[PDB]
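Don't worry about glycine lacking a Cβ; one is built from the backbone with ideal geometry, like all the others, and counts go over all protein chains shown. Read-outs: derived from the displayed coordinates by stated rules, not from any lab.
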Amino acid sequence: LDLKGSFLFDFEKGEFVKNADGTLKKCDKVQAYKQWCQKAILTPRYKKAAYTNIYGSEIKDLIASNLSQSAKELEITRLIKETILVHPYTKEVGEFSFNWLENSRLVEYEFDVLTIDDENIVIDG
Amino acid sequence: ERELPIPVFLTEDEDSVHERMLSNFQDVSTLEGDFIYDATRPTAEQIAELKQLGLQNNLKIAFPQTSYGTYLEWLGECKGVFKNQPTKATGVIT
Amino acid sequence: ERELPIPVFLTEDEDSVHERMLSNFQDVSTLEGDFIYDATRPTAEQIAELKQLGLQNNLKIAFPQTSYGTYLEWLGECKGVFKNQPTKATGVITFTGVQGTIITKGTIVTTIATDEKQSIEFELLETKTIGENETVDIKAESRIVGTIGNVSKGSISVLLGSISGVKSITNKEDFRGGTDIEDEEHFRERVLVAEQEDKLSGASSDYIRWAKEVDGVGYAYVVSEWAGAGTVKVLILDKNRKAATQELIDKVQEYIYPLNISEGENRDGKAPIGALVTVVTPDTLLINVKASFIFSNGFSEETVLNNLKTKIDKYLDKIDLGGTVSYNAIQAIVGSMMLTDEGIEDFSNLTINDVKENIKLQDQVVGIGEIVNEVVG
Amino acid sequence: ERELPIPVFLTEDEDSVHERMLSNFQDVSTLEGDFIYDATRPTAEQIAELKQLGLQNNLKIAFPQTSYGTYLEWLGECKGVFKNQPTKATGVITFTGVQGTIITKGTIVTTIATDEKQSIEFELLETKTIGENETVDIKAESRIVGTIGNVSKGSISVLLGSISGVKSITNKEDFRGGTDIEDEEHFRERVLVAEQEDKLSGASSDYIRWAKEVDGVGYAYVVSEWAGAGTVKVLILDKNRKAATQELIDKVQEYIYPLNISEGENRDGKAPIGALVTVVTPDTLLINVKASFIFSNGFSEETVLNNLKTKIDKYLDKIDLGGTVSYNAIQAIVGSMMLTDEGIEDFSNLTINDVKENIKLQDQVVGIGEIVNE
Amino acid sequence: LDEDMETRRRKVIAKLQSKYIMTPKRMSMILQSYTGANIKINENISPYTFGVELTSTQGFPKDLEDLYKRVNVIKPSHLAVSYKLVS
């Protein structure tokens, strides 16, 4: 497998975190994967020409859709789930939740599961 | 054969391209092993390679002084020159 | 690093040990969970763990091919090779505040500790007072060895305590004194590189080999007892036959015969004890060509002469140290442009440094001088 | 080879381990056939076995004195020693056949396969056509590196594959080279020699080493500072430890410190720059031993005396230049021949230069004297 | 066995390290390792001699001849040697 690490990028500030040395702050494989996941979610699909069709999501386009609330909930689940699962490190994403806190303004949760989160059987002959 | 005296700016070194690449940065480590150095070096490699292999070779094959293939034959054609063709050997069997 | 072959005995399976242990029993049951099994199995398991871990690790640390850490260092000390040590970041910090304020040596100022990053501690190497000007600069050093530190220009901004009257502490320029512990594999390479059998006396051949080892040394020559007392001159030409630059000379000098040894130091260069060495480069003779050049219609005199200068210099590049300048061939170099009509309409009084014969170099290389049109009245 | 004197506690007996095992018990039968004895004996067996096979062998392979495999090679590497590799045998095949018949390089020609020997194959190293006399000499190698290649002459008369025109082929010469891998025994001494030898450069030992590198130099001795600072002397002897020939001195002179000079080649000798090395032959003071030797069976007295001459000759190397020749040491060499059963059963009345006294060299090298049976 | 273990260690370490160029750095540490006391090689002014200067806080015994034996054995054959001992 041998996934590799990457460099931090504070999405709050929209800038790379760099040490006092001036070198960019490296970080772990798992940290890099979490960094990647948020970026892929925020990248719309088919539009940013640098990436292929695999990368990116389509959540923004769903806003203009005329589908009902429940239909939009399933589409959110499908879109987020499809976008994340392309990464090798993903094991499973699910347990989605939704809260239409206002009449038409939504908050939703979902839980991601890594490859390392798997449970291993203990036996040998 | 004749050599085409290409201008220097059309034959920049990779490192010179890379050095000019790093000139813009001001408050980030531009040392080797850094993101800035490591990420920009392949660009300098391709830019220099395209400049040399792309433009100079493209310019070279344009002129007959530095053409080799069908491009040379086309250039020879334009001024009426045609490459001589092979022929069969011949003789007598007793 | 090299993989470690292991003896078959040291890699025995746990069950194989236990099976041999239970081989002698034939009257009493040896089922798992039986009393005989209880007595014997922990011994067999403990043997396998100790045999596979404790003994194999001991074998690994034995040789420098696979040793590490302190163990690899001592094998370096067997053949007298030491790994490099780290250093503390060193630099200067600017201080601003009340003039009456005084800043003492040993004061601690750090970087901005955060959730992401911890603060890097630095110590002042000097005691100063702000009495004259509001601004003062104090030399400082990182309290921790290694490339940790070597911070950016404005990184140092934190004082652990609080000194009265100080208005702002800011580093002015990035620190540079830091360097990390040498890599184990690099040091392991150094341990294994130092395995030369002979050719270590410091003869002319040895010195030439040592000079050639330093990069940029195209050719090297040795003079034995040029100043007596076993002194050795090392005349070097660069890769392109040219005189070695001063930096290259210092590198070759320092490589073979260091000159910056302090009181508590001794030369580590390839030069053995008592063999005095000095690195030299020959003198580049300049060939100033003089002739009454006549140029063609409307052409640039400077352009033609520069082209002739390039042509002659290319020929001069072929000459070696102590070579012979061919004046008569140089006539045709000037006359080459006449045949091709490259500017020169005619020339006369062709001389090289006001000489009309082949010049022989002696401890000298030859370079292009100044092309001078006589313009004789 | 050298043996490693392991401590006793690192080589406890199994029973001693077992006996110490049973010491703890106080109120239970510790006899054989009991649970305590029967259950504990395998533990003692493994503990002793691990102690011997594990630790001692592990410790043994660490040192070159008791290493055998890649561990020995690694140890030899650390001090610059490398095991010699095998090589192919080589030689010439005299072909025979119709002139103009073509034979290619790389063709497989073998010896005569037999019941007790397979077709020892060889590979032609040259492409050539049969010459004017219906013959051509082609060099060939052994396909298998090692002594198998070094076959005798006339053995290679077999060509593999259907090629006509060639009438016959043969190897006029027993092939040479064909080195196999260097043995452990040879490699161990080279590693041991490198480990023990200081292997400096510029010191007197290196001067002796360079002198002995020159052929014909049996023994060499070096005097530092013979004529003050910068001055070195070399004192060489022939294989018989007699006065070295002047040509040998000239050879060693040119090897280490040529008197002729050149601007490029100052001296280009093995000695450092700044040295002032002199090469001569020393004063050979013979020390002729005479004893009432009594000789054993299965040995020749003259051969035994020559062996004793070689042994004492080795002792003269141990004797320093200008050193003291010890009668007691010579007793050791003579008696050791008896303890080694090397053709001497008894000896007596030993007198070195007809005196039972230790002799002091006056800044000379002792030369090997004549051994006399009294 | 009867010799001091530290003396045996110092002899061994110096013995092993004698396998490269006799540069002033290597020669200093070899002699320093054998003696255990700090040593500075002077690179004496005389044409073909090298100076040795030793320093130890604890001092030395009255016998140090074997150090000179090794130095004679270890030095380049064409160079003389001088010594001075400091507490």
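The table that follows gives values for the structure above.
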| read-out | value |
| --- | --- |
| Rel. contact order, % - alpha carbon contacts under 8 angstrom, at least six apart, region B:1-61 | 46 |
| Peptide C:77-84 - average C-beta neighbours from other chains (10 Å radius) | 4 |
| C:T11 versus B:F63: modelled label distance in nm, points set 7 Å from Cα along the beta carbon direction | 6.6 |
| Virtual spin-label span in nm between A:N103 and D:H186, 7 Å along Cα→Cβ | 10.0 |
| Peptide-level mean, for D:54-62, of C-beta atoms on other protein chains within 10 Å | 4 |
| Under 18 Å from the Cα of E:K84 - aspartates and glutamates, other chains or at least 8 residues apart | C:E263, C:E265, E:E43, E:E53, E:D63, E:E65, E:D66 |
| Estimated vicinal HN-Hα couplings, Hz - region E:62-78 in sequence order (Karplus 6.51, -1.76, 1.60; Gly, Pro = x) | 7, 10, 9, 5, 4, 4, 5, 4, 5, 4, 4, 5, 8, 5, x, 5, 9 |
| Whether chain B is rounded, prolate or oblate, judged on the alpha carbon gyration tensor where a/c under 1.5 counts as rounded | prolate |
| Relative contact order (%) - region C:250-377, alpha-carbon pairs under 8 angstrom, separation at least six | 38 |
| Long pairs among D:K239/D:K309; D:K360/E:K15; C:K51/D:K51, criterion Cα-Cα beyond 21 Å | D:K360/E:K15 |
| Value at 222 nm in deg cm²/dmol, rounded to 500, when DSSP H runs of n ≥ 4 in chain C each add -39,500 (n - 2.57) | -8500 deg cm²/dmol |
| Helix-only mean residue ellipticity at 222 nm for chain E, each DSSP H run of n ≥ 4 adding -39500 (n - 2.57), per residue, nearest 500 | -12000 deg cm²/dmol |
| Cα gyration tensor shape for region C:38-137, rounded if a/c is under 1.5, else prolate or oblate | prolate |
| Residue among C:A89, C:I352, C:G178 farthest towards the positive dipole end of chain C, charges placed on Cβ | C:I352 |
| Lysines with Cα under 18 Å of A:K72, excluding same-chain neighbours fewer than 8 positions away | A:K60, A:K81 |
| Inter-probe distance in nm under a simple model that places probes 7 Å from Cα toward Cβ, at A:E95 and D:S157 | 8.9 |
| 10 Å Cβ neighbours from other chains, averaged over peptide C:218-230 | 4 |
| 28 Å Cα-Cα threshold exceeded, pairs from C:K83/C:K212; D:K212/E:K40; A:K18/C:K172; D:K79/D:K139; C:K79/D:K83 | D:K212/E:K40; D:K79/D:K139 |
| For C:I294, residues with placed amide H under 5 Å, excluding near neighbours | C:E345, C:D346, C:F347 |
| Qualifying GluC sites (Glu not before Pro) for region B:1-87 [loop in DSSP, other Cβ within 10 Å: at most 10] | B:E1, B:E3, B:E32 |
| Calculated FRET value between A:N53 and C:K239, using beta carbons and R₀ = 60 Å, to 0.05 | 0.70 |
| Cα-Cα over 26 Å, subset of D:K88/D:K128; D:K242/D:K356; D:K60/D:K311; A:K13/A:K48; A:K13/C:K167; C:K199/D:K233 | D:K60/D:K311; A:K13/C:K167 |
| Dipole moment magnitude, nearest 20 debye, region C:129-186 about Cα centre, only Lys, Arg, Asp, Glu C-beta charged | 500 |
| Cβ-Cβ FRET estimate between C:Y219 and D:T147, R0 fixed at 56 Å, reported to 0.05 | 0.75 |
| Whole-number percent relative contact order across chain C, with pairs defined as alpha carbons under 8 Å at least 6 apart | 11 |
| Nearest-0.05 FRET efficiency for C:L53 and D:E1, computed from C-beta distance (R0 25 Å) | 0.20 |
